[PDB]
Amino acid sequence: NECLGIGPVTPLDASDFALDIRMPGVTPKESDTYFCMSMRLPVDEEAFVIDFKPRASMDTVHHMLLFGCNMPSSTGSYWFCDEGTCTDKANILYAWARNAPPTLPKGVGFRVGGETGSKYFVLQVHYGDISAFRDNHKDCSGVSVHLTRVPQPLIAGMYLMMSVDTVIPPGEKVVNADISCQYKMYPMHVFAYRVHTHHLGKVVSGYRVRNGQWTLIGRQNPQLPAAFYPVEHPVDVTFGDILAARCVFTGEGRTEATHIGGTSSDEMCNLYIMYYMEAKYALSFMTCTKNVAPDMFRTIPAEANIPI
């Protein structure tokens, strides 16, 4: 977006404040550069993020990610971040990708600050072709954030399903990484997901299974842009439901028996479900790293086994 010069923190009233989180005029020299910067939260008390406005060049920027954390990887105005962005746990708040429609429901907030919430936003920008930077122009791309101190009646959170034992032999044509967990919490309303696999991934699917009925949360090619998609039909998860996910993999594309890791030569199977919850009851993070109901995958719908 245009290069400012005015205020990153604009106080809009007694409860609300806006945060313009923008690269400080950057010029990448190679293709597929990863730049990060951080803004300290200017309140030491609970705040709720209630809106995002992407300020992206459609020309230069491929995708952006906003995280919450309390320990940013560097303390510079900007830095290269092909590593983990935050030294502590990075809570993803907002994903934007060039070739994708970006979708919060009314009343939904991400709780930050106070004794427990994130104290820092870290913004990541994926620049694509330096061809747009032939002119040594400076990019100021990023996100505008609406912060309120007013308790929001719905509170956003992230459900992460990952499969932890991931080795596939180099020839095996189809292997399933199956994840399932019993939901033992108060209701979450699922509104968006993100699937992530490496190169041997063909399709990733996530379901709520209640009384034997498979309701689709998401299905996506995990080789397509890595951002969040909107849940076609918003879903609710309740006590007694099973969350089930399946990553379908090959051993025809790589030559050795691939193991887990962060860099791109290992194999992950992750599915990110963004939800919200009533404020009284709301958890900001949940995980599933188990397969508690492996016999129940026997009635998985056929879509989950077909790559599109």
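The numbering used is simple: start at 1 and walk along the sequence shown.
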- request: Mind giving me a quick count class for deposited residues absent from the model between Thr103 and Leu104? Options are none, 1 to 3, 4 to 9, 10 or more.
  value: 1 to 3
- request: Could you bin the unmodelled part of the deposited chain lying between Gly5 and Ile6 as none, 1 to 3, 4 to 9, or 10 or more?
  value: 1 to 3
query: When the C-alpha temperature factors are averaged for each of 141-149 and 88-96, which stretch ends up with the higher value in the entry?
result: 88-96
- line: Taking the deposited Cα B-factors and averaging over 166-174 and over 67-75, the higher mean is found in 166-174
- prompt: Which one of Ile155, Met161, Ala132, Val190 shows the top CA temperature factor in the record?
  reply: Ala132
Residue with maximal Cα B-factor (values as given in the PDB entry) among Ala226, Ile179, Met185, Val125: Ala226
- prompt: Considering only modelled residues of the same chain, in which third does the CA B-factor of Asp266 rank: lowest, middle or highest?
  reply: highest
query: C-alpha B factor of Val209, ranked within the chain: lowest, middle or highest third?
result: lowest
- prompt: How does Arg246 rank on Cα B-factor within its chain, lowest, middle or highest third?
  reply: lowest
query: What third of its chain's C-alpha B-factors does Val203 belong to: lowest, middle or highest?
result: middle
- request: Would you please rank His233 by its C-alpha temperature factor against the other modelled residues of its chain and give the third it falls in: lowest, middle or highest?
  value: highest
